[PDB]
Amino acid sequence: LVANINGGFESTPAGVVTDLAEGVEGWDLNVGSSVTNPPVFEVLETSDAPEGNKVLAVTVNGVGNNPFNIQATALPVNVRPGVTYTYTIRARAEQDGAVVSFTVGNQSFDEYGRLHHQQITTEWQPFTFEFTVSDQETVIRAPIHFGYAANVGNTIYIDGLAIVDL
């Protein structure tokens, strides 16, 4: 059982994402208002997909006030208080030098854990951490943050988010 839905983008038709809010089931891709140069989100069919046939590509053309202004959040993430989950995802970038934070938190924005400010290379890597649901929440979120200025001009690819009981 996986806590998150559509973790590998296989539920979504290929193409540029034109409905950030609802166009990728299991995810919210809304952009913060402080961003003035829009990013591009695209579900890509590709033979190097770590799983299945699709990945999500995020082209960062500019940043805003906080790195969370360019983001992909998995939701809902269905969990149980007390349980420790393993988070795993695959990521790479068009150019070495990209930076991503992989986070999990509640609908209050309190975080349970993160992998902070990770360097992303041109080759796929698994990024993994454990976290415990430490409050009473059963429906949480998994925000991925791309809006670091180091990413401007780059494209970050993600696939295979799986949040699983340890």
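Counting begins at 1, following the sequence as shown.
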Do the C-alpha atoms of 94-102 or of 40-48 have the higher average B factor in the entry? 40-48
Averaging the C-alpha temperature factors as deposited, the higher value of 154-162 versus 20-28 falls on 20-28
Quick one: which of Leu115, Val35, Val55, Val60 shows the highest Cα temperature factor in the PDB entry? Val35
Would the CA B-factor of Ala14 place it in the lowest, middle or highest third of its chain? highest
Should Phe68 be placed in the lowest, middle or highest third of its chain by the C-alpha B factor in the entry? lowest
